[PDB]
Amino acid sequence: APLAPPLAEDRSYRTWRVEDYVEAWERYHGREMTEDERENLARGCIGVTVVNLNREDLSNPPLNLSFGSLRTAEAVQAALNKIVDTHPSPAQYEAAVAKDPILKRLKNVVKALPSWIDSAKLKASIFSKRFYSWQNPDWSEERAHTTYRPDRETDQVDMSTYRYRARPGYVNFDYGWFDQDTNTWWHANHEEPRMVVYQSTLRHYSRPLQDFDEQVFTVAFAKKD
C-alpha cells in the first residue's frame, strides 16, 4: 500500500501540508517520525530525500552515483539491488561490483556502500537533483557548461566539483525523491517555516526554470524499515 495515491490523469502535481505528509509517511513506514527526522524534513526539498534514505550517517544525500538519465539510474539501481540481495560483506560487495557488466565501469560504487549497515538492510533508491552548473564564479562559461556532462559511455556525471552554489538570485537546488510505487517525484518549496511538500510528475519536477541548468538522477543506498 503506497504512501500516497497516484496523481489524477490531468494533474502535474499534488501539494501536501507537511503535517499531512508526515502522517502519510508514518502510515507507510509503520512508525513515528523521530525528532531528528522532523528536523531534517524541515530543511525542505533536501530533507524529503534525506529522511527517505533513513540513514543517520548522512546529512546530505550522497552524489557519488549520479547520471544524466533516469534510465541509467534505474539500471544501476537494479544492478546494486541484485548484489545486496545476496547479503554481501563489504569485501564481497567490492568483488561483486568488479564483476558486474554495468557497475565495473563506474566511479564511486565501492564508496557508495555504507559499511556499518548490514547489506541485508539496504536498498538502492533514486532521487533527482537539479542544480546550477556554474559552481565556481571563476570558471569560464565553457568550463561551467561541460563540467557536468554525462560520460558518453556510462552516462555518469562527475559531481566532485559540486559546491552547492546557487545561480545568484535563485535557489541552490531541488531534490526529488523517486516514489516508484506511483511513479511520482517528491520535493518541496523550501525549508521551514511555510514549507510545502510536492508530489509531481517527472515532467513537472523537471520543467524549465531560471534557477537550474543541470539535472542528474542519483542512486544511493537507503536503509529499509
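Numbering starts at 1 and runs along the sequence shown.
- Relative to one another, 55-63 and 177-185 have unequal mean CA B-factors, and 55-63 is the one with the higher figure.
- Relative to one another, 16-24 and 198-206 have unequal mean CA B-factors, and 16-24 is the one with the higher figure.
- When the C-alpha B-factors of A166, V157, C45, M33 are ranked from the entry, the top spot goes to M33.
- When all modelled residues of the chain are sorted by CA temperature factor, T72 is found within the lowest third.
- Among the modelled residues of its chain, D211 has a C-alpha B-factor that falls in the middle third, as given in the PDB entry.
- Among the modelled residues of its chain, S115 has a C-alpha B-factor that falls in the highest third, as given in the PDB entry.
- Among the modelled residues of the chain, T86 sits in the highest third by CA temperature factor in this PDB entry.
- Sort the chain's modelled residues by C-alpha temperature factor and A124 lands in the middle third, per the entry.
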